[PDB]
2 protein chains.
Amino acid sequence: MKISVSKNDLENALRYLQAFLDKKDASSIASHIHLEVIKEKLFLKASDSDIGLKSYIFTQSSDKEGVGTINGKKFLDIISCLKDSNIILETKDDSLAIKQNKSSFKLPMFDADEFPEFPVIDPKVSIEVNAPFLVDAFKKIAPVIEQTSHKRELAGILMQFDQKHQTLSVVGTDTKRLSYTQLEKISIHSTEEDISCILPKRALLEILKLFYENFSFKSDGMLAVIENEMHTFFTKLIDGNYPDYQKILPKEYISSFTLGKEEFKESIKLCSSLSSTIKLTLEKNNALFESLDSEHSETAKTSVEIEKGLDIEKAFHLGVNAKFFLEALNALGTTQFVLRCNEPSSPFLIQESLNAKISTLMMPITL
Amino acid sequence: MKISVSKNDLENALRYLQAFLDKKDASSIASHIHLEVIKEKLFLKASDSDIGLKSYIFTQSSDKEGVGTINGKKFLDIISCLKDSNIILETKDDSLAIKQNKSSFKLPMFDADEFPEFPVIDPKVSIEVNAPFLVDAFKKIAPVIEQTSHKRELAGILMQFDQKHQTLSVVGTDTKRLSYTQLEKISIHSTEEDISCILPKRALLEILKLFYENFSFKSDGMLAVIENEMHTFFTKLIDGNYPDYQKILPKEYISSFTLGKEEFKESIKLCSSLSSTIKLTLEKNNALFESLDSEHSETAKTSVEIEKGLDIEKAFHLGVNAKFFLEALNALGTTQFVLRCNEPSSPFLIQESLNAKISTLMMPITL
Ligand SMILES: NC(=O)c1ccc(F)c(F)c1
Ligand SMILES: NC(=O)c1ccc(F)c(F)c1
């Protein structure tokens with residue numbers, strides 16, 4: 001109803017909220033942010049059935065407590081064009097006035113009662129995340145997940161909690177490749193020894209913008225609520241049974257090669273100028289790369305020397321998807337990587353030599 | 001047929017050539033760059049009926065002179081993924097081989113005889129441009145020209161040469177606004193005392209990427225050829241008669257106000273958060289800005305103090321298009337601008353206080 005706020009505090013809060021608004025129809029409440037002034041806090045939220053964010057900023061002054069709404073895109077556009085001095089926000093019946101020095105604006109509010117109730121859960125599982133490993137895993141695994149996947153449970157990331165062993169397993173897949181990590185020594189508070197949540201990709205991406213470390217993750221098996229000092233975020237979970245990835249992962253590998261990450265990146269990028277798939281050939285002191293599904297009369301080839309010789313009898317040949325192989329290497333923190341293989345026709349593994357550590361299993365390309 | 005070249009020289013030449021290729025159909029000669037090795041130069045060109053570029057780079061070594069062609073997008077994609085060391089280019093019948101250390105590529109060449117003849121003109125008009133004023137004019141005027149304009153001659157920029165007075169006039173318009181400059185003391189060599197060329201917008205944009213100063217501009221009234229040390233560019237000219245802009249420009253102005261450029265930019269940007277048109281009100285010591293065609297219940301207002309008072313009897317009101325007014329101010333080099341008006345319903349002028357100097361005439365918005 002009446003306050004002053006810091007321009008930068010307000011702008012930053014509004015930026016984050018943009019992604020939770022349906023902006024195209026400005027006449028719908030789904031384009032508005034809900035506003036609430038109580039004590040010395042402005043609360044801003046945007047949500048619906050699926051997903052939502054609640055944020056707050058401190059008022060520089062507060063004169064009048066109450067509630068309202070405002071078009072979030074328009075609000076952000078106005079504040080962005082203002083100077084750093086404090087901004088006065090003030091209702092005038094069903095209109096919000098915005099003032100700074102000689103500049104003043106009016107926007108219409110809607111009925112705040114039309115705004116969805118921001119949900120709260122009775123948590124069945126809860127963790128406190130005090131380090132970046134979880135978001136690191138999220139970031140490294142996200143590229144393998146197809147948001148528009150036509151199968152529902154593969155459109156999100158698996159979080160598998162084992163309370164008994166204090167581990168959080170995180171898994172993404174598109175059916176051609178599967179990336180995973182298991183995070184150790186996580187103090188999990190749960191009503192069950194084993195429990196699984198599937199977060200939608202859309203939610204995953206939002207979390208990467210909002211959180212880094214020092215946040216809680218809580219779930220009742222229907223919603224996941226993530227919270228820190230300034231923000232409360234929620235998303236609906238995805239219903240199905242995520243693939244048994246432990247069954248999918250091979251038992252052992254016939255061969256394991258320790259290889260140069262950046263040299264393989266460069267070599268693959270290079271051959272991928274003319275194709276999407278590549279023929280890798282490994283010899284004792286050499287790795288050869290050749291474009292595979294290139295159009296005829298178009299070829300790309302290169303090789304790198306392997307100084308510390310491989311354990312090979314003549315030559316191992318492997319067809320690979322370039323993008324997938326690169327994204328697997330991109331997920332690694334080490335200067336070297338381990339490539340574990342069985343037959344050239346069976347899935348192969350990429351992982352770090354010896355933050356989360358993300359491994360990727362991958363289907364090869366034939367011939 | 002056989003040479004080595006510097007990677008950076010080759011990459012840079014290829015980047016410029018990209019815009020002269022139809023890249024989507026890789027099976028057509030229109031996706032290829034023509035190649036010619038003679039003396040210690042590789043000549044690269046891409047052209048068609050409308051527009052073209054010829055470039056050259058120096059060979060580090062030359063062994064075999066001749067001609068061929070290559071897909072320009074693919075060539076650029078390959079070279080971009082290579083290291084800085086020299087690159088060997090070498091024909092193998094109707095294929096171009098590209099080699100650097102352990103990396104080698106083949107791409108197919110097409111019949112070089114299918115490539116269009118690069119045109120040459122007998123110039124009717126010629127200038128040497130030894131300073132940036134021309135491209136400065138081009139850059140400042142380009143925003144007012146609609147490339148997809150449904151009327152042909154307004155889809156380009158007018159260049160009007162007066163050999164008698166040694167002036168080059170440059171003019172753009174979209175019918176709502178007209179931006180112009182007249183450049184003085186240009187040594188024009190022409191067969192006529194007065195002559196006009198209309199360059200297409202597409203060509204204008206290319207010229208801005210390729211040229212700055214120390215180039216020749218030549219025309220036969222059908223093509224324009226622009227040339228410097230490394231590059232020869234051409235474009236077809238547009239046929240019609242460009243509007244008589246000297247008739248269009250007003251005789252005198254009832255009032256002329258000297259105003260703050262950045263303050264007006266900020267004020268207009270600010271009000272344009274909620275509208276495309278703005279009501280400007282000028283008073284003796286004040287300028288007020290208000291959103292005009294904003295949706296109802298949405299308002300944006302601001303004002304700035306004018307210390308050195310205006311010559312006004314009460315208040316001058318003027319409806320303006322925000323984007324147009326901003327782009328007019330963006331074209332100015334001065335910290336202040338002059339706004340010249342007659343009736344609030346008639347065209348008004350924006351120009352610099354007291355490089356090219358671009359003035360913009362503009363139709364107002366009513367009420
Ligand atoms: N989920 C699967 O069916 C699958 C099987 C083999 C793979 F290599 C893979 F990446 C995924
Ligand atoms: N070319 C025209 O018809 C024209 C007339 C008045 C203007 F203000 C203008 F910018 C253009």
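Ligands are counted one by one from 1 in listed order, and the atoms in each one are counted from 1 as well. Here is how names work: the chains are called A, B, and so on, in the same order as the sequence lines, proteins then strands, and each is numbered from 1. Both backbone and side-chain heavy atoms feed into the values below; hydrogens, waters and symmetry mates do not.
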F257(B) and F337(B) aromatic centres sub-6.0 Å
no
Centroid-to-centroid, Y253(A) to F348(A), below 6.0 Å?
no
Note: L154(B) and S149(B) closest approach over all heavy atoms is CB-OG, 4.0 Å
Heavy atoms only: give me the nearest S353(A)-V338(A) pair and the separation to one decimal.
CA-CG2, 4.0 Å
Which of the atoms in ligand 2, numbered in the order shown and given with their element, are less than 4.0 Å from a heavy-atom of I248(B)?
1 (N), 4 (C), 5 (C)
Partner residues of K323(B) under the salt bridge (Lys or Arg N to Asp or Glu O under 4.0 Å) criterion, sequence neighbours left out
none
Numbered in order shown, the ligand 1 atoms found under 4.0 Å of a heavy atom of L361(A) are 7 (C), 8 (F), 10 (F)
For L178(A), the ligand 1 atoms with a heavy-atom partner under 4.0 Å come out as 10 (F)
Which residue supplies the protein heavy atom nearest to [atom], what is that atom called, and how far is it?
atom: atom 11 (C) of ligand 1; value: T175(A) O, 3.4 Å
atom: atom 6 (C) of ligand 1; value: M363(A) CE, 3.6 Å
atom: atom 10 (F) of ligand 1; value: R177(A) CA, 2.9 Å

